[PDB]
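J.: Pasting in a structure now, in structure tokens, and then I'll have a few things to ask.
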Amino acid sequence: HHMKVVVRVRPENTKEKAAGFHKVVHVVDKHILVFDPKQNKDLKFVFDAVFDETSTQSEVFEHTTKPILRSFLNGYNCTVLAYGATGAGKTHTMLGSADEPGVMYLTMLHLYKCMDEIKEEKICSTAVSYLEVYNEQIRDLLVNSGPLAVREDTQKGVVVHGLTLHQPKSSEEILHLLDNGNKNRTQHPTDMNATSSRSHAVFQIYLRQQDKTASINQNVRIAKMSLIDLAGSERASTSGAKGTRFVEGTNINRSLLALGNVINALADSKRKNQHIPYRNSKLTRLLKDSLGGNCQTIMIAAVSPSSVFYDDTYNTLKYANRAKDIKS
Amino acid sequence: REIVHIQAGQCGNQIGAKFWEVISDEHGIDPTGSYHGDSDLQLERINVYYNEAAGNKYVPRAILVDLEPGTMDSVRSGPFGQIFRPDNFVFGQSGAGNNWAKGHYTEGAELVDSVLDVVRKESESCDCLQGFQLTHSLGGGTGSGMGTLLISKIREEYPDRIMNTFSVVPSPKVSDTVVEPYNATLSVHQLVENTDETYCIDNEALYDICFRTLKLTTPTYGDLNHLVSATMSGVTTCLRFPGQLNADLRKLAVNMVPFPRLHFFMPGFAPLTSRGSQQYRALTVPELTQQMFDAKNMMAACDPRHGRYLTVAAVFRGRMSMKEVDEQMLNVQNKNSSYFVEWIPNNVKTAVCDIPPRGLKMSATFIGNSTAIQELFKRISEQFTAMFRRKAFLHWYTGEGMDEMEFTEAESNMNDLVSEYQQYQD
Amino acid sequence: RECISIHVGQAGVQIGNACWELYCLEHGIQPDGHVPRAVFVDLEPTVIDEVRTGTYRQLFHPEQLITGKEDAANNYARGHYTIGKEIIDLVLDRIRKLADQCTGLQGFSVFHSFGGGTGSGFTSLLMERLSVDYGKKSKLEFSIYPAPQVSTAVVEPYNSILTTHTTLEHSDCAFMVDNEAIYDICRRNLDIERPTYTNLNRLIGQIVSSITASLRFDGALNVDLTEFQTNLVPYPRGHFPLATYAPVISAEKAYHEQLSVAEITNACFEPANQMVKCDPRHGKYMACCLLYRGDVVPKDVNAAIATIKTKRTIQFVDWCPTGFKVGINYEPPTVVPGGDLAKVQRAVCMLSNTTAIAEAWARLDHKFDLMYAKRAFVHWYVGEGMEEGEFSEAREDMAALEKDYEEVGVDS
Ligand SMILES: CC(=O)O[C@H]1C(=O)[C@@]2(C)[C@H]([C@H](OC(=O)c3ccccc3)[C@]3(O)C[C@H](OC(=O)[C@H](O)[C@@H](NC(=O)c4ccccc4)c4ccccc4)C(C)=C1C3(C)C)[C@]1(OC(C)=O)CO[C@@H]1C[C@@H]2O
Ligand SMILES: Nc1nc2c(ncn2[C@@H]2O[C@H](COP(=O)(O)OP(=O)(O)OP(=O)(O)O)[C@@H](O)[C@H]2O)c(=O)[nH]1
Ligand SMILES: Nc1nc2c(ncn2[C@@H]2O[C@H](COP(=O)(O)OP(=O)(O)O)[C@@H](O)[C@H]2O)c(=O)[nH]1
Ligand SMILES: O=[N+]([O-])c1cc(Cl)ccc1S(=O)(=O)c1ccccc1
Ligand SMILES: [Mg+2]
Ligand SMILES: [Zn+2]
């Protein structure tokens, strides 16, 4: 329906390539991927689209974000759901990869171009924000905020106040917010020091269109777009007993559960309605506003071909596909 | 393992005197005296509620949190009142005004740091902490405002340790206060997002259960509070005894909350017979499950017959067969398959201690997580809108540094909490 | 030669105290004699404290009594991952200190209670760490699987679909005893609506005595623990025979006692006597180790079994010509001085893999799905260092155990 799903495999990593043990999934054709190659489970998985390891950021940009931009420009709020294995590398090269063309860079340019054309023809104004969910506290990345308090408007569409947005001057101004933000989140000191993978990063862009062609006095269409980087799941080891991870992992584990339970309930609410508990998390309640409604959504899962990704990519394909596959 | 009780506001304090009146006899602790215990088992586990200092002076490890001096000055000037170390009395000689905002933002907010100081002195006592018991009414300044702040701070300092709450939800028929739904809707809002076990008790559900199930014609408050304190002993301290199948606050929590909201339960005691005549001893066991699972006998206002159960915990305490227990629970699950929910193959959590309530042969605390409690947060949330529409006594809250959006927030949350509870009634 | 034991979870320790009671009682070793050969594990102190306070107090070393003063929790995750992790190293250290002291051991008779927190989750990793440190040994786990309708924990199936998947690739032969299908023996075959837990524990205390105690003891047809998993498991899944006893007669009511071999052996295959709600509804036996004890002529057995091999309504598997391990011990059973057990001069402690547990597993798996389909108590395990993975991926595990116990039978 509105939901469309695409999974983009990312090349095996230099070390993963050179070793080569049984591949987690073995991508068969472009769309169908077999899990657990010989027998073994030998599970065929279908998706709506799938992109192979050869498909880079630029191909996923064009695929994923093209139905996003059009709907975003139409005034339909859009979101991108990221996924990926817990192990970085696929997710590392999927997001924040400057060298890779960036799904986010080409879609930010794609929107940024389309935004300039809508402004010349029509008066279009936009704004952007960048927030994270670390410790289940929302931080703005642009300004050093504290815990955003919750209010509800007349619509009562739940607002975390104290968010600041600036209007997109160029993509360069956005790049400064991306830099400010990306350095504002900490690395996670557990394991190897990753980026802010374990914290959920959110990018927000708000389109606001008035028509010059339409009367000045008209309804304004606004969409919200969001891109979310999520954590990976934690094992016993990657968790650990330690009190240092302890807080962070509790925040992530309940965020992942309540969020993924809201994603499963989201697919059920493509039948259903008020059933889906928006309230189970702070961000999952804002995710209702974006992902709820009949809005065009896409999930991009990451998958690596490495054997390390055996568990992680199988669990993420399992969880992403589970919400599709369940229908009553 | 260990707990630290919390006597927030006058009602939670008045009940604290009754909770500790009971528990101490259930542990042979005289006023400042030691363990006189008729047995030896009422001592291998006391640590749960007390501290070692002298060698005869096991002191209750509670907190007494009140902005009204005359209350804690009636609890401390009466019977067991001289057991509490004076360090436990976190008084606020300020005006204890009946406003949730006055006890949460303005007058309670100052006294909190001098509370958290002691909640840490008592949590850092020794061994391993389990959680905190909380007693209060949802109908007043110090109960619902300040007592709900104390937990919003406890749940930030120890998000690992459990949080039991004993709320005196506003009774339907007559409200013992006027702003009541204001104080209530604003505390249940904090409760649904901090504590993880709530036991809601209603002064009139008690009067019914205390005037018809006890022929008691003059049910004083001391009696209501005594009945309540009889359950919260059969919950906690009870399961800190041996048993063929014991549990503890976590087993209770980890069997009784299917969804993270917290969920609120409805306690029920077992042998609830009037004194002389009704000492029928029809307490073999089918008579306890007969008792606990009827409508009346639930300390909540709402009737369980009006909604499915998600979980039940019959926390028995008295020597009985693990067959006539585990069996009876089944026929109860099948006679009433209608109201019990179906996506849980076994709703009931059987729990069995050995030692019974001092003077009795056999009892069983009931802790029901029924969807029937929907028909109470409905009640509270109605009384709110009917007066919130006109901003009735709202100038007492905003004039104490509040927000027109804060009332909106709490209603909408606790009114969503009604919606969610119906998702499982269906 | 020896077999250590590891009694885990409160119930694995209550059964432990009872199997351990019946031992000294048939070996003339009163309260203070030799030394035990086992350990006790719980994340609730008050229960292992019943072995430190109650009977059999000084028969143990405080070193073979592991406790985590912390919290049991009726959830696998916490008891496997989060908490039960902290204790494992210390636990292993005993089953490595007790395993060194001996002389050429054979294995560890584990005692756990499937649908617990400490009995599910901890043992899962205990057996895990054993199959690696001692893959060259026997790993016979004696479970008390979930009652078919009379479960206790609300979550039970979450705990028991997670002990099965994690231990499956690690056990050698998993004995099973159902708590409810024992109460039917206490009601029907003993007459008592007063079965305390202390009695089911005498009855597993009895069947278990027949396994290790009397069979590690000399006899006319000895059967090592390796002989079990060899003569009892057809396939590498940690296959789960059922325990059954024969002279379960009452020591008060009826008295026919003198029930020659020809009778006690027939009293094993009737479904009303097998400590398991896995009534042979279709389940073909595939291998049975009839342990006898007491006065038994090998011809009475090699005739009392021959009659059974030709009953045909007992239908063995096709690929199994003869699946009858006769074990004969000398010393008769040894009943509790004044419990309720008859006291006969012979018994049959038959155990067997049956295709019947195709049911028991199916009915326990279907349970799990109904709650997991709504997540139910999932937030209690995810907050404890687990994932959507370990549930969904241990569910897929037991799915190929519904198919394994279907394919190994029903077909020819
Ligand atoms: C001669 C005799 O057997 O007297 C009984 C008695 O008559 C009855 C009626 C008791 C009596 O209880 C009440 O009348 C009552 C009064 C106010 C509120 C609630 C109840 C009794 O007072 C209560 C008392 O309870 C206990 O001793 C328990 O240990 C109980 N203790 C307290 O509540 C307590 C009271 C005063 C001071 C300190 C503690 C308890 C229950 C659960 C958990 C912990 C403790 C008992 C058996 C009796 C009397 C004395 C008449 C009953 O109540 C309880 C809680 O056991 C009322 O129905 C039961 C059935 C009992 O048979
Ligand atoms: N036969 C027998 N079954 C028992 C005994 N004690 C408990 N059980 C059963 O085992 C299960 C109970 O496990 P629990 O006592 O809750 O837990 P545990 O496995 O000891 O570990 P925790 O959950 O962490 O406390 C239930 O299915 C009981 O019916 C016992 O002494 N004998
Ligand atoms: N059971 C019970 N309820 C009480 C007691 N005292 C006050 N209440 C109830 O508490 C509500 C009033 O709140 P109150 O305790 O005075 O608030 P506070 O003292 O300002 O925190 C009313 O609904 C009363 O019925 C008591 O001792 N026992
Ligand atoms: O998705 N993200 O939010 C994200 C998560 C991480 Cl860890 C890293 C980056 C990004 S980004 O903004 O896509 C981005 C993409 C390209 C350049 C800067 C930022
Ligand atoms: Mg236990
Ligand atoms: Zn005879």
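The numbering of chain A matches Swiss-Prot: 10-47, 68-357, in order.
Heads up, header says this was done by electron microscopy, 4.8 Å.
Cβ atoms here come from the backbone N, Cα and C positions, even for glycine.
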J.: Say a student had to find the SUMO2 cross-link annotation in Swiss-Prot: which of A:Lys24, A:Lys212 would be the correct pick?
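T.: Cross-referencing A:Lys24, A:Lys212 with Swiss-Prot, SUMO2 cross-link lands on A:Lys24.
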J.: Can you grab the distance between C-alpha atoms at A:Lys47 and A:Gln68 for me, in Å and as a whole number, given the 20 missing residues?
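T.: Distance across the unmodelled stretch, Cα to Cα, is 6 Å.
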J.: If the ATP site is taken as the center of the Cβ atoms of A:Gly113, A:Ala114, A:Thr115, A:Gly116, A:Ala117, A:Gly118, A:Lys119, A:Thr120, which further residues of that chain fall within 8 Å of it by their Cβ?
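T.: Result: A:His121, A:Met123, A:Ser226, A:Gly261, A:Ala331, A:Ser333, A:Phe338, A:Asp341.
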J.: Look up A:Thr120 (ATP binding site) in the DSSP assignment and reduce it to helix, strand or coil.
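T.: In three-state terms, A:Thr120 (ATP binding site) counts as helix.
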J.: Rounded to a whole angstrom, what is the C-alpha distance between A:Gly113 (ATP binding site) and A:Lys24 (SUMO2 cross-link)?
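T.: Counting only the Cα atoms, the answer is 19 Å.
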J.: Taking only the Cα atoms, work out how far A:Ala114 (ATP binding site) lies from A:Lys24 (SUMO2 cross-link), in Å, as a whole number.
T.: 17
J.: Taking just the CA atoms, what is the gap between A:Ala117 (ATP binding site) and A:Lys24 (SUMO2 cross-link) in Å?
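T.: That separation, Cα to Cα, works out to 13 Å.
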J.: Do me a favour and check the Cα-Cα span between A:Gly116 (ATP binding site) and A:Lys24 (SUMO2 cross-link); whole Å is fine.
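T.: Each residue's Cα considered, A:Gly116 (ATP binding site) and A:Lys24 (SUMO2 cross-link) end up 14 Å apart.
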J.: If you count other Cβ atoms within 10 Å of each one's Cβ, which of the binding-site residues A:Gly113, A:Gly116, A:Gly118 has the most?
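T.: Result for the most crowded candidate: A:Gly113.
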J.: Name the secondary structure element type, per DSSP in three states, that contains A:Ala114 (ATP binding site).
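T.: Assignment for A:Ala114 (ATP binding site) reads coil.
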J.: By a simple count, how many Cβ atoms lie within 10 Å of the Cβ of A:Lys119 (ATP binding site), its own Cβ left out?
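T.: That number is 30.
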J.: Report, as a single number, how many Cβ atoms besides its own are within 10 Å of the Cβ of A:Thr120 (ATP binding site).
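T.: By my count, 29.
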